[PDB]
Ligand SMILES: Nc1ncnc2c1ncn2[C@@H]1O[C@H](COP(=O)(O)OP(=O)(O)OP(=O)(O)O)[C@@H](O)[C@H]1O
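Coming up is one lone chain in structure tokens, specifically the form solved without the ligand.
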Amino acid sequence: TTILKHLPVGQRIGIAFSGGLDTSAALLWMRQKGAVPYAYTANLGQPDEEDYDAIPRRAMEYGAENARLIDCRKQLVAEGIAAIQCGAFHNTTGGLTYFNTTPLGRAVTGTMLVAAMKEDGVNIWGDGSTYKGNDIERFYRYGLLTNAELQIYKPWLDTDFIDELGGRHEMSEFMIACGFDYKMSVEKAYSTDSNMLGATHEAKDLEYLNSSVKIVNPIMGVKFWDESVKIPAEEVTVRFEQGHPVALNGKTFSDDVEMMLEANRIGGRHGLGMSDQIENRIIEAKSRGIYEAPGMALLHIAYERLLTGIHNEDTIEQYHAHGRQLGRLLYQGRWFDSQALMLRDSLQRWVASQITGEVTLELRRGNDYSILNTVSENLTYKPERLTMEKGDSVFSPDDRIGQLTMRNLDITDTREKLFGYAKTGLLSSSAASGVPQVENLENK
């Protein structure tokens, strides 16, 4: 059996230990009931975390056999950069994009923490991810891809667990009954999950479509919708070498994690990258979220502007189509499946490899920015190529006339189709007024 519904007494069980009430109470309870819990805390460069080292120590205090801090920043940023290179984003509204930051975080922690558990002889993961979300499924696959012998204990399937730690208040009472003066965090009107690529806000009041970003206190940027917050316009340069982001404002970095942290600071000052999406969950039901990803947004804008100046139309269209499809697979927890790897590897090799260049932007408030300059030794755009100024052209007016004439047979075929569609009722006429009129409900 892969899924365990009862606490495996006397056995080693791993817990992805965040340090919050849920994992603190669960770890203490698992130790108290006879299991041997091992805690693993992922360093994800969370914007609202200032003391990762204190977390494993809290796990030991609550009963962990051993507690480790697993650094996942390097891997997280590497996958985030791959996602930018592939345009692996599928939830967009009016062009505004969610950068799939939670899905990227899960691909990294679901594999890395289970690998750390395996290394320690821990083959059971006590994962509390809930039954209505996407993470329960993402963690299930990533964990099993990493350890074929993995078993997953879902505490909420254990009646003994539910009877004692059924909610926040029960858990708080439990900690106190166990001798720990636990202090709960201040309640918010929504729930937040974050990593150094982005933050997601959902649930509670954000379940209502008449709530908006205004109820959120951003953790990676400023409240740009508040007129009293001063945000001076700022010029910023983003430079890539073979698809890899290497410099911001003319400066290079010791590693990609430092680069991403600076991208976040720059975008954050403006509130760049925030969006509000209604999305389709893996289970085919909709949820709503508010998102932040300042650095990812900054890199995305510059990367796409260079793409438009370097690649041909067929290639750009394959980037958009394959990237969206890849974004959906990423969201589904299938980032390492063959159908995703084949799209990601393709886009990195043939599209991203040629993205060498620099884009200059002026950032103002929120998503309001302007492109100021675009340069690249690989540009196929050239000011002289299609200019009507001066002269000297690769093709002549007579050449274009020949190209137009080559369209004649197909134009005749299309006209004949218009007559055919009018005869079969799909068009009112192939003309009337001149413009063909399609016969459907939207034709007023």
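The first residue of the sequence shown is number 1, and the count goes up from there. Throughout, rigid core stands for the largest set of C-alpha atoms superposing within 1.5 Å between the two forms. Only residues modelled in both forms are compared.
Although not depicted, the form deposited with the ligand bound is the subject of the following passage.
Participant: Mind telling me which stretch in 415-423, 375-383, 402-410, 38-46 gets its heavy atoms within 4.5 Å of the ligand in the deposited complex?
Facilitator: Correct option: 38-46.
Participant: From the list 235, 193, 226, 258, which entry has a heavy atom within 4.5 Å of the ligand in the deposited complex?
Facilitator: Looking at 235, 193, 226, 258 one by one, just 193 meets the 4.5 Å heavy-atom criterion.
Participant: So, in the deposited complex, is residue 128 in contact with the ligand at a 4.5 angstroms heavy atom limit?
Facilitator: Heavy-atom contact with the ligand at 4.5 Å: present for residue 128.
Participant: So, in the deposited complex, is residue 139 in contact with the ligand at a 4.5 angstroms heavy atom limit?
Facilitator: Contact check for residue 139: yes, within 4.5 Å of the ligand in the deposited complex.
Participant: Should residue 427 be counted as a contact of the ligand in the deposited complex, where contact means heavy atoms within 4.5 Å?
Facilitator: No - in the deposited complex, heavy atoms of residue 427 and the ligand never come within 4.5 Å of each other.
Participant: Do residue 113 and the ligand come within 4.5 Å of each other in the deposited complex, heavy atoms counted?
Facilitator: Answer yes; at least one heavy atom of residue 113 falls within 4.5 Å of the ligand in the deposited complex.
Participant: For the stretch 97-119, return the residues whose heavy atoms include at least one within 4.5 Å of the ligand in the deposited complex, in the order they occur.
Facilitator: If the 4.5 Å heavy-atom criterion is applied to the ligand in the deposited complex, 97-119 yields 106, 109, 113.
Participant: Which of these moves by 2 angstroms or more at the C-alpha between the shown form and the other one, core superposed: 316, 157, 219, 96?
Facilitator: Comparing both forms, the shifted residue turns out to be 157.
Participant: Any chance the CA of residue 431 moves 2 angstroms or more between the shown form and the other one, core superposed?
Facilitator: For residue 431, whose C-alpha is compared between the shown form and the other one after core superposition, the shift is 2 Å or more.
Participant: What moves between the shown form and the other one once the core is lined up, counting runs of 3 or more consecutive residues with C-alpha shifts of 2 angstroms or more?
Facilitator: Moving regions between the shown form and the other one: 126-128, 156-164, 431-433.
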